[PDB]
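A.B. asks: My structure file entry_12.cif, mmCIF, N, CA, C and O atoms, is below:
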data_target
#
loop_
_atom_site.label_atom_id
_atom_site.label_comp_id
_atom_site.auth_asym_id
_atom_site.auth_seq_id
_atom_site.Cartn_x
_atom_site.Cartn_y
_atom_site.Cartn_z
N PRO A 1 126.24 109.87 105.51
CA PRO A 1 125.61 111.13 105.05
C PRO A 1 125.25 111.08 103.56
O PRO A 1 126.05 111.43 102.70
N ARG A 2 124.03 110.63 103.27
CA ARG A 2 123.55 110.52 101.89
C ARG A 2 122.02 110.63 101.83
O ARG A 2 121.37 110.91 102.84
N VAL A 3 121.45 110.41 100.65
CA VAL A 3 120.00 110.48 100.46
C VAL A 3 119.37 109.09 100.48
O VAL A 3 119.89 108.15 99.87
N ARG A 4 118.24 108.96 101.18
CA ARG A 4 117.53 107.68 101.28
C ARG A 4 116.02 107.86 101.08
O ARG A 4 115.54 108.99 100.96
N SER A 5 115.29 106.75 101.04
CA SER A 5 113.84 106.78 100.84
C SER A 5 113.11 106.17 102.04
O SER A 5 113.63 105.27 102.70
N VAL A 6 111.89 106.66 102.30
CA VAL A 6 111.08 106.17 103.41
C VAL A 6 109.66 105.83 102.94
O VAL A 6 109.03 106.60 102.21
N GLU A 7 109.17 104.66 103.36
CA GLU A 7 107.83 104.21 102.99
C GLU A 7 106.86 104.34 104.17
O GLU A 7 106.88 103.54 105.10
N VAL A 8 106.00 105.37 104.11
CA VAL A 8 105.03 105.61 105.17
C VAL A 8 103.67 104.99 104.83
O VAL A 8 103.14 105.21 103.74
N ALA A 9 103.12 104.22 105.76
CA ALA A 9 101.83 103.57 105.58
C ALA A 9 100.69 104.44 106.08
O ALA A 9 100.31 104.37 107.25
N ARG A 10 100.14 105.26 105.19
CA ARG A 10 99.03 106.15 105.54
C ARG A 10 97.86 105.36 106.13
O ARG A 10 97.35 104.43 105.50
N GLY A 11 97.45 105.73 107.34
CA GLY A 11 96.35 105.05 108.00
C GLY A 11 95.01 105.43 107.41
O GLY A 11 94.64 104.96 106.33
N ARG A 12 94.28 106.28 108.11
CA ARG A 12 92.96 106.74 107.66
C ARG A 12 92.90 108.26 107.57
O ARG A 12 92.44 108.81 106.58
N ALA A 13 93.38 108.93 108.62
CA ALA A 13 93.38 110.39 108.65
C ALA A 13 94.78 110.96 108.38
O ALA A 13 95.14 112.03 108.89
N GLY A 14 95.58 110.25 107.57
CA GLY A 14 96.92 110.71 107.25
C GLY A 14 98.00 109.88 107.90
O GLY A 14 98.01 108.65 107.76
N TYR A 15 98.90 110.54 108.62
CA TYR A 15 100.00 109.85 109.30
C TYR A 15 100.14 110.34 110.74
O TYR A 15 99.94 109.57 111.69
N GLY A 16 100.49 111.61 110.90
CA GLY A 16 100.66 112.18 112.23
C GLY A 16 101.74 113.25 112.28
O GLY A 16 101.63 114.22 113.03
N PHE A 17 102.80 113.07 111.49
CA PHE A 17 103.91 114.01 111.44
C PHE A 17 103.48 115.37 110.89
O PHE A 17 102.31 115.57 110.54
N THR A 18 104.43 116.30 110.82
CA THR A 18 104.16 117.65 110.32
C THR A 18 105.06 117.99 109.14
O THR A 18 106.23 117.59 109.10
N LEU A 19 104.51 118.74 108.18
CA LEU A 19 105.26 119.14 106.99
C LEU A 19 105.20 120.65 106.79
O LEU A 19 104.12 121.24 106.75
N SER A 20 106.37 121.27 106.63
CA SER A 20 106.46 122.71 106.40
C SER A 20 107.69 123.05 105.57
O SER A 20 108.82 122.99 106.06
N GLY A 21 107.46 123.40 104.31
CA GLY A 21 108.55 123.75 103.43
C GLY A 21 108.08 124.49 102.20
O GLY A 21 108.01 123.92 101.11
N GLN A 22 107.76 125.78 102.38
CA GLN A 22 107.29 126.62 101.27
C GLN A 22 108.17 126.43 100.03
O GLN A 22 107.67 126.28 98.92
N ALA A 23 109.48 126.41 100.25
CA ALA A 23 110.45 126.21 99.18
C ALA A 23 111.19 124.89 99.38
O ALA A 23 111.06 123.97 98.56
N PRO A 24 111.98 124.76 100.47
CA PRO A 24 112.73 123.54 100.77
C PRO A 24 111.91 122.56 101.61
O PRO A 24 111.92 122.63 102.84
N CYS A 25 111.19 121.66 100.94
CA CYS A 25 110.36 120.68 101.62
C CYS A 25 111.15 119.95 102.71
O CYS A 25 112.19 119.34 102.43
N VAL A 26 110.68 120.04 103.95
CA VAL A 26 111.36 119.40 105.07
C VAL A 26 110.38 118.92 106.14
O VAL A 26 109.34 119.56 106.37
N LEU A 27 110.71 117.80 106.78
CA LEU A 27 109.85 117.25 107.83
C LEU A 27 110.07 117.99 109.14
O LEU A 27 110.97 117.64 109.92
N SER A 28 109.26 119.01 109.37
CA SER A 28 109.35 119.83 110.59
C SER A 28 109.47 118.96 111.84
O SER A 28 110.31 119.22 112.70
N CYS A 29 108.63 117.94 111.94
CA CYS A 29 108.65 117.03 113.09
C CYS A 29 107.74 115.82 112.87
O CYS A 29 106.82 115.87 112.05
N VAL A 30 108.00 114.75 113.61
CA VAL A 30 107.22 113.52 113.51
C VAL A 30 106.61 113.16 114.86
O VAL A 30 107.16 113.51 115.91
N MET A 31 105.49 112.45 114.84
CA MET A 31 104.82 112.03 116.06
C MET A 31 105.08 110.56 116.34
O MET A 31 104.45 109.68 115.74
N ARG A 32 106.00 110.31 117.25
CA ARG A 32 106.38 108.95 117.64
C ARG A 32 105.15 108.08 117.87
O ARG A 32 104.30 108.39 118.71
N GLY A 33 105.04 107.00 117.10
CA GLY A 33 103.90 106.11 117.21
C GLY A 33 103.11 106.00 115.92
O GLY A 33 102.34 105.06 115.74
N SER A 34 103.31 106.96 115.01
CA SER A 34 102.63 106.95 113.72
C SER A 34 103.40 106.09 112.72
O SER A 34 104.56 105.73 112.96
N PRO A 35 102.78 105.75 111.57
CA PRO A 35 103.43 104.94 110.52
C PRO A 35 104.74 105.55 110.02
O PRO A 35 105.60 104.84 109.49
N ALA A 36 104.89 106.87 110.19
CA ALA A 36 106.10 107.57 109.76
C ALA A 36 107.30 107.16 110.62
O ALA A 36 108.36 106.83 110.09
N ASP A 37 107.11 107.19 111.94
CA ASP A 37 108.18 106.83 112.87
C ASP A 37 108.50 105.33 112.80
O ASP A 37 109.62 104.92 113.09
N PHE A 38 107.51 104.53 112.40
CA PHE A 38 107.69 103.08 112.29
C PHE A 38 108.83 102.73 111.33
O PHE A 38 109.44 101.66 111.45
N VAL A 39 109.12 103.61 110.38
CA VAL A 39 110.19 103.39 109.41
C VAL A 39 111.52 103.93 109.92
O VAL A 39 112.56 103.30 109.73
N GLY A 40 111.46 105.08 110.57
CA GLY A 40 112.67 105.69 111.12
C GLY A 40 112.82 107.15 110.71
O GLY A 40 113.91 107.58 110.33
N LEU A 41 111.73 107.91 110.79
CA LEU A 41 111.75 109.32 110.44
C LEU A 41 112.21 110.16 111.62
O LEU A 41 111.84 109.88 112.77
N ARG A 42 113.01 111.18 111.34
CA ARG A 42 113.53 112.06 112.37
C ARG A 42 113.55 113.51 111.88
O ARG A 42 114.21 113.82 110.89
N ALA A 43 112.81 114.36 112.59
CA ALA A 43 112.72 115.79 112.25
C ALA A 43 114.07 116.36 111.84
O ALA A 43 115.06 116.22 112.56
N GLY A 44 114.11 116.98 110.67
CA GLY A 44 115.34 117.56 110.16
C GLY A 44 115.68 117.04 108.77
O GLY A 44 116.36 117.73 108.00
N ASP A 45 115.20 115.84 108.45
CA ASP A 45 115.45 115.23 107.15
C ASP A 45 114.84 116.08 106.04
O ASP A 45 113.62 116.23 105.95
N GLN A 46 115.70 116.65 105.19
CA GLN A 46 115.24 117.49 104.09
C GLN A 46 114.62 116.63 102.99
O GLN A 46 115.21 115.66 102.53
N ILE A 47 113.41 117.00 102.59
CA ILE A 47 112.69 116.28 101.55
C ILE A 47 113.17 116.69 100.16
O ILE A 47 113.09 117.86 99.79
N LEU A 48 113.68 115.72 99.40
CA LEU A 48 114.18 115.98 98.06
C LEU A 48 113.16 115.54 97.00
O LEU A 48 112.88 116.29 96.06
N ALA A 49 112.62 114.34 97.16
CA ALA A 49 111.63 113.80 96.23
C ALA A 49 110.37 113.34 96.95
O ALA A 49 110.45 112.73 98.02
N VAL A 50 109.21 113.62 96.36
CA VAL A 50 107.93 113.22 96.93
C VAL A 50 107.06 112.57 95.87
O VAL A 50 106.63 113.23 94.92
N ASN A 51 106.83 111.26 96.01
CA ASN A 51 106.03 110.51 95.05
C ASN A 51 106.87 110.22 93.80
O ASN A 51 106.34 110.11 92.70
N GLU A 52 108.18 110.09 94.01
CA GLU A 52 109.15 109.81 92.94
C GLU A 52 109.56 111.08 92.18
O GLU A 52 110.41 111.01 91.28
N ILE A 53 108.98 112.23 92.52
CA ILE A 53 109.31 113.49 91.86
C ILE A 53 110.00 114.46 92.81
O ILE A 53 109.54 114.68 93.93
N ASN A 54 111.11 115.04 92.35
CA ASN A 54 111.88 115.99 93.14
C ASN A 54 111.07 117.25 93.46
O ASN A 54 110.12 117.59 92.75
N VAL A 55 111.47 117.92 94.54
CA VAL A 55 110.80 119.14 94.98
C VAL A 55 111.77 120.09 95.68
O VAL A 55 111.54 120.50 96.82
N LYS A 56 112.86 120.45 94.99
CA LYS A 56 113.85 121.36 95.56
C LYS A 56 113.22 122.70 95.92
O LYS A 56 113.48 123.25 96.99
N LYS A 57 112.36 123.21 95.04
CA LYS A 57 111.67 124.47 95.26
C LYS A 57 110.23 124.41 94.75
O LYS A 57 109.72 125.38 94.19
N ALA A 58 109.58 123.26 94.94
CA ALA A 58 108.21 123.06 94.49
C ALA A 58 107.22 123.83 95.37
O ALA A 58 107.61 124.54 96.30
N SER A 59 105.93 123.68 95.06
CA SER A 59 104.88 124.36 95.81
C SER A 59 104.34 123.47 96.93
O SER A 59 104.14 122.27 96.75
N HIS A 60 104.13 124.09 98.08
CA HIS A 60 103.63 123.41 99.26
C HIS A 60 102.35 122.63 98.97
O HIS A 60 102.20 121.49 99.40
N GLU A 61 101.43 123.25 98.24
CA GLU A 61 100.16 122.61 97.89
C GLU A 61 100.39 121.41 96.97
O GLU A 61 99.73 120.38 97.12
N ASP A 62 101.33 121.55 96.04
CA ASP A 62 101.65 120.47 95.11
C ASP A 62 102.29 119.30 95.84
O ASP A 62 102.00 118.14 95.55
N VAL A 63 103.15 119.61 96.81
CA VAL A 63 103.82 118.57 97.59
C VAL A 63 102.82 117.82 98.46
O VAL A 63 102.85 116.60 98.55
N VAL A 64 101.90 118.57 99.08
CA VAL A 64 100.87 117.97 99.92
C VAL A 64 99.94 117.13 99.07
O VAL A 64 99.51 116.05 99.48
N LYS A 65 99.64 117.63 97.87
CA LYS A 65 98.77 116.93 96.94
C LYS A 65 99.30 115.54 96.62
O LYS A 65 98.54 114.58 96.51
N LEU A 66 100.62 115.43 96.48
CA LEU A 66 101.26 114.15 96.18
C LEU A 66 101.15 113.20 97.36
O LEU A 66 100.86 112.02 97.19
N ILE A 67 101.37 113.73 98.56
CA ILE A 67 101.28 112.93 99.78
C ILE A 67 99.85 112.48 100.04
O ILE A 67 99.61 111.36 100.49
N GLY A 68 98.89 113.36 99.74
CA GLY A 68 97.49 113.02 99.92
C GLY A 68 96.94 112.20 98.76
O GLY A 68 95.73 111.99 98.66
N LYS A 69 97.83 111.73 97.89
CA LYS A 69 97.45 110.92 96.73
C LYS A 69 98.00 109.49 96.85
O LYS A 69 97.69 108.64 96.02
N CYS A 70 98.81 109.24 97.89
CA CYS A 70 99.40 107.93 98.12
C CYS A 70 98.36 106.81 98.02
O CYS A 70 98.58 105.81 97.34
N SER A 71 97.24 107.00 98.70
CA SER A 71 96.16 106.02 98.71
C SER A 71 96.59 104.72 99.38
O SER A 71 96.15 103.63 99.00
N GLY A 72 97.46 104.84 100.39
CA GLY A 72 97.93 103.67 101.10
C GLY A 72 99.38 103.78 101.54
O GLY A 72 99.76 103.25 102.59
N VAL A 73 100.20 104.46 100.73
CA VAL A 73 101.62 104.61 101.05
C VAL A 73 102.31 105.57 100.09
O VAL A 73 102.08 105.53 98.88
N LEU A 74 103.17 106.43 100.64
CA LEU A 74 103.91 107.40 99.85
C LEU A 74 105.41 107.12 99.88
O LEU A 74 105.94 106.64 100.89
N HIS A 75 106.08 107.42 98.78
CA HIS A 75 107.52 107.21 98.67
C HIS A 75 108.26 108.55 98.68
O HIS A 75 108.33 109.24 97.65
N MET A 76 108.79 108.93 99.84
CA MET A 76 109.51 110.19 99.99
C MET A 76 111.01 109.95 100.08
O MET A 76 111.47 109.06 100.80
N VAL A 77 111.77 110.76 99.34
CA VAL A 77 113.23 110.64 99.34
C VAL A 77 113.86 111.83 100.07
O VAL A 77 114.00 112.92 99.51
N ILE A 78 114.24 111.60 101.32
CA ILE A 78 114.86 112.64 102.14
C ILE A 78 116.34 112.34 102.41
O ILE A 78 116.79 111.21 102.21
N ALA A 79 117.07 113.35 102.87
CA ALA A 79 118.49 113.20 103.18
C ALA A 79 118.81 113.70 104.59
O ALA A 79 118.41 114.80 104.96
N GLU A 80 119.53 112.88 105.35
CA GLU A 80 119.90 113.24 106.72
C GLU A 80 121.15 114.12 106.73
O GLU A 80 122.20 113.72 106.23
N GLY A 81 121.02 115.31 107.30
CA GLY A 81 122.14 116.24 107.37
C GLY A 81 123.01 116.02 108.60
O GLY A 81 124.24 115.98 108.49
N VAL A 82 122.38 115.88 109.76
CA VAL A 82 123.12 115.67 111.01
C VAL A 82 123.02 114.21 111.46
O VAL A 82 121.93 113.70 111.73
N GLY A 83 124.18 113.55 111.54
CA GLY A 83 124.21 112.16 111.96
C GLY A 83 124.03 111.20 110.80
O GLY A 83 124.77 110.20 110.74
#
What is this file in structure tokens?

C.D. replies:
Amino acid sequence: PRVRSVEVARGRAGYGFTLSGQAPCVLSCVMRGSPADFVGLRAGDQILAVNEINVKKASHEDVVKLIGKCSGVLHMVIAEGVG
């Protein structure tokens, strides 16, 4: 039970998973088969850092902006709560 990082390889139209965290950035769910699942993403992992910058209570648009700026791959630091 600790914090880790995941490297997602953005394809062409994004990745496939879903993001929803007005305040507490969290991966609502992932689509098995996308570059996100290829690393080992599992819905529930709370997003702490996005693009090397923390986002405990950041803005949804700002967080998305960072992910849509990867230009090939994004570095997200999430923590597994259950399991």

A.B. asks: When distances are computed from only C-alpha atoms, which of A:25, A:58, A:19, A:6 shows the smallest separation from residue 41 of chain A?

C.D. replies: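 Comparing A:25, A:58, A:19, A:6 against residue 41 of chain A, the winner is A:6.
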
A.B. asks: Could you list the residues chosen by the PyMOL selection byres ((chain A and resi 57) around 6) in this structure as a ChimeraX atom specification?

C.D. replies: /A:22-24,55-56,58-59

A.B. asks: I need the residue nearest residue 13 of chain A from this list: A:32, A:68, A:1, A:53. Use only C-alpha atoms for the distance.

C.D. replies: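 Among the listed residues, the smallest separation from residue 13 of chain A belongs to A:68.
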
A.B. asks: Specify as a list in words each residue included when the PyMOL selection byres (((chain A and resi 76 and name CA) around 7) and name CA) is applied to this file.

C.D. replies: residues 5, 6, 7, 49, 50, 51, 74, 75, 77 and 78 of chain A

A.B. asks: May I ask for the distance between atom N of residue 82 of chain A and atom C of residue 44 of chain A, given in Å to one decimal place?

C.D. replies: 6.9 Å

A.B. asks: Closest to residue 48 of chain A among A:36, A:70, A:26, A:9, using all atoms listed in the file?

C.D. replies: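 Using all atoms listed in the file, the shortest distance to residue 48 of chain A belongs to A:26.
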
A.B. asks: Between A:30, A:3, A:8, A:43, which one has atoms that come closest to residue 72 of chain A, using all atoms listed in the file?

C.D. replies: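 For residue 72 of chain A, the nearest of the given residues is A:8.
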
A.B. asks: Please, what distance in Å, to one decimal, runs between atom N of residue 79 of chain A and atom N of residue 45 of chain A?

C.D. replies: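 That distance, rounded to one decimal, is 6.4 Å.
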
A.B. asks: Could you go through segment 4-78 of chain A and tell me which residues DSSP, when run on the backbone, assigns to strand (DSSP E), listing them as a ChimeraX atom specification?

C.D. replies: /A:4-8,46-50,53-54,74-78

A.B. asks: So how far away is atom N of residue 66 of chain A from atom O of residue 2 of chain A, in Å?

C.D. replies: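 Rounded to one decimal, the two atoms are 22.2 Å apart.
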
A.B. asks: Among chain A, which ones does DSSP place in alpha helix (DSSP H), written as a list in words?

C.D. replies: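 Matching residues for alpha helix (DSSP H) in chain A are residues 60, 61, 62, 63, 64, 65, 66 and 67 of chain A.
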
A.B. asks: Please evaluate the PyMOL selection byres ((chain A and resi 18) around 6) against the structure above and give the resulting residues as a list in words.

C.D. replies: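 What the PyMOL selection byres ((chain A and resi 18) around 6) grabs from the file is residues 16, 17, 19, 20, 26, 27, 28, 29, 30 and 31 of chain A.
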
A.B. asks: So, with only N, CA, C and O atoms as the atoms that count, which of A:73, A:65, A:10, A:80 lies closest to residue 47 of chain A?

C.D. replies: A:80

A.B. asks: Which is closest to residue 81 of chain A among A:61, A:54, A:42, A:12, if we use all atoms listed in the file?

C.D. replies: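 Checking each candidate against residue 81 of chain A, we get A:42 as the closest.
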